[PDB]
Each structure stands twice: as C-alpha cells, then as structure tokens.
Amino acid sequence: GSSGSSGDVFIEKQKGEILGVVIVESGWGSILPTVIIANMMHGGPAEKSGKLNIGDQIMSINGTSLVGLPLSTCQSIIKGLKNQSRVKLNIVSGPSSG
C-alpha cells in the first residue's frame with residue numbers, strides 16, 4: 001500500500017480526460033532541465049494520484065526522455081495521454097538543495 005517516491009510513477013486516469021496537471025520550465029539551470037509540476041487540477045487524475053508534488057520534475061514520459069525538450073514540447077507529449085487511461089512517467093524531486 002503506502003508507497004511513492006522519486007522514481008517510476010503511474011497515473012491512473014480515464015480515457016478522453018486530461019492529466020489534469022500543469023507543467024512549467026524546470027528553470028534552465030538544474031541538473032536535467034525538463035519540466036516540473038506548476039499546479040494540479042482540483043479533482044484531476046494527477047491531483048488524486050498523489051504520485052507527484054508541486055515542484056517535482058519529470059525525467060521521462062513512458063520512456064520518452066524530456067531532457068532538453070522545450071516546455072511547449074514536453075507539454076504536447078503529456079497532452080497526448082488523454083486517449084489513454086494508464087500512463088507511466090518518471091518523477092524526480094526537483095533541486096531541493098539550493
């Protein structure tokens with residue numbers, strides 16, 4: 001049961017619906033500037049999943065590294081998960097020390 005830490009995350013949602021989550025540029029400066037959660041929808045899949053947190057970054061999406069990819073792009077790869085229910089994404093607590 002109780003389990004969830006910087007690693008392989010699984011967001012269980014329903015098809016047709018969005019990931020109900022907003023992402024933003026990982027402040028060009030951190031180790032791997034990909035993308036981090038800027039805000040969570042009040043009743044979305046991500047907010048309910050509880051697998052991520054405001055500030056955490058995504059290393060990849062279902063095996064699709066976002067390293068280097070622009071904020072606009074990374075978002076597109078996340079917007080195409082609406083047609084799917086279950087999605088796998090790698091999360092990594094942003095740069096806490098600093």
# chains A, B, ... in the order shown; residues from 1 in each chain; ligands from 1
>>> residues_around(residues="residue 73 in chain A", least_positions_apart="4", cutoff="12 Å", atoms="only C-alpha atoms", output="list in words")
residues 23, 24, 25, 34, 35, 64, 65, 66, 67, 68, 69, 77, 78, 79 and 80 of chain A
>>> residues_around(residues="range 13-21 of chain A", least_positions_apart="5", cutoff="9 Å", atoms="only C-alpha atoms", output="list in words")
residues 37, 38, 39, 40, 41, 42, 43, 44, 45, 46, 47, 49, 78, 79, 80, 81, 82, 83, 84, 85, 86 and 87 of chain A
>>> write_last_selection(atoms="C-alpha atoms", output="PDB file, in the first residue's frame")
ATOM      1  CA  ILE A  37       4.509  20.498 -11.960  1.00  0.00           C
ATOM      2  CA  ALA A  38       3.394  24.122 -11.669  1.00  0.00           C
ATOM      3  CA  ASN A  39      -0.140  23.363 -10.484  1.00  0.00           C
ATOM      4  CA  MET A  40      -2.590  20.486 -10.047  1.00  0.00           C
ATOM      5  CA  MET A  41      -6.258  20.485 -11.055  1.00  0.00           C
ATOM      6  CA  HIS A  42      -8.810  20.411  -8.233  1.00  0.00           C
ATOM      7  CA  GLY A  43     -10.134  16.933  -8.962  1.00  0.00           C
ATOM      8  CA  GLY A  44      -7.878  15.680 -11.730  1.00  0.00           C
ATOM      9  CA  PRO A  45      -6.047  12.350 -12.119  1.00  0.00           C
ATOM     10  CA  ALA A  46      -2.652  13.714 -11.082  1.00  0.00           C
ATOM     11  CA  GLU A  47      -4.030  15.526  -8.036  1.00  0.00           C
ATOM     12  CA  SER A  49      -2.855  10.047  -7.929  1.00  0.00           C
ATOM     13  CA  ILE A  78       1.613  14.955 -21.947  1.00  0.00           C
ATOM     14  CA  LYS A  79      -1.454  16.191 -23.829  1.00  0.00           C
ATOM     15  CA  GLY A  80      -1.465  13.071 -25.985  1.00  0.00           C
ATOM     16  CA  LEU A  81      -2.120  10.883 -22.953  1.00  0.00           C
ATOM     17  CA  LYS A  82      -5.807  11.816 -22.921  1.00  0.00           C
ATOM     18  CA  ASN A  83      -6.684   8.959 -25.273  1.00  0.00           C
ATOM     19  CA  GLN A  84      -5.074   6.671 -22.696  1.00  0.00           C
ATOM     20  CA  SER A  85      -6.051   5.839 -19.115  1.00  0.00           C
ATOM     21  CA  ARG A  86      -2.914   4.403 -17.517  1.00  0.00           C
ATOM     22  CA  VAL A  87       0.363   6.239 -18.116  1.00  0.00           C
TER      23      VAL A  87
END
>>> closest_residue(among="A:26, A:75, A:90, A:5", to="residue 55 in chain A", atoms="only C-alpha atoms")
A:26
>>> closest_residue(among="A:51, A:91, A:32, A:62", to="residue 12 in chain A", atoms="only C-alpha atoms")
A:51
>>> closest_residue(among="A:95, A:50, A:33, A:7", to="residue 71 in chain A", atoms="only C-alpha atoms")
A:33
>>> select_by_dssp(residues="range 8-60 of chain A", states="alpha helix (DSSP H)", output="list in words")
residues 45, 46, 47, 48 and 49 of chain A
>>> write_last_selection(atoms="C-alpha atoms", output="compact mmCIF listing (two decimals), in the first residue's frame")
# COMPACT_ATOMS: atom_id res chain seq x y z
CA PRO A 45 -6.05 12.35 -12.12
CA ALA A 46 -2.65 13.71 -11.08
CA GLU A 47 -4.03 15.53 -8.04
CA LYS A 48 -5.77 12.31 -6.99
CA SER A 49 -2.85 10.05 -7.93
>>> select_by_dssp(residues="chain A", states="strand (DSSP E or B)", output="PyMOL selection string")
chain A and resi 8-12+21-24+36-40+57-61+64-65+86-92
>>> write_last_selection(atoms="C-alpha atoms", output="short mmCIF file (atom, residue, chain, number, x, y, z; two decimals), in the first residue's frame")
data_model
loop_
_atom_site.label_atom_id
_atom_site.label_comp_id
_atom_site.auth_asym_id
_atom_site.auth_seq_id
_atom_site.Cartn_x
_atom_site.Cartn_y
_atom_site.Cartn_z
CA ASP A 8 8.68 5.30 -11.68
CA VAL A 9 5.23 6.87 -11.31
CA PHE A 10 1.91 5.55 -12.62
CA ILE A 11 -1.01 7.91 -13.15
CA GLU A 12 -4.30 6.02 -13.36
CA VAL A 21 -1.94 18.83 -14.32
CA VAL A 22 0.10 21.87 -15.35
CA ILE A 23 3.84 21.85 -16.04
CA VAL A 24 6.44 24.60 -16.37
CA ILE A 36 8.09 20.39 -13.23
CA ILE A 37 4.51 20.50 -11.96
CA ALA A 38 3.39 24.12 -11.67
CA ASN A 39 -0.14 23.36 -10.48
CA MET A 40 -2.59 20.49 -10.05
CA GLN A 57 10.25 17.25 -12.26
CA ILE A 58 9.66 14.57 -14.89
CA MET A 59 12.71 12.66 -16.12
CA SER A 60 10.77 10.98 -18.93
CA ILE A 61 7.30 10.02 -20.15
CA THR A 64 10.38 9.40 -23.66
CA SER A 65 13.17 11.49 -22.17
CA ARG A 86 -2.91 4.40 -17.52
CA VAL A 87 0.36 6.24 -18.12
CA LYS A 88 3.91 5.75 -16.84
CA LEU A 89 6.18 8.69 -16.02
CA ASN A 90 9.46 9.08 -14.15
CA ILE A 91 9.40 11.78 -11.47
CA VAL A 92 12.40 13.21 -9.62
#
>>> closest_residue(among="A:76, A:63, A:29, A:94", to="residue 6 in chain A", atoms="only C-alpha atoms")
A:94
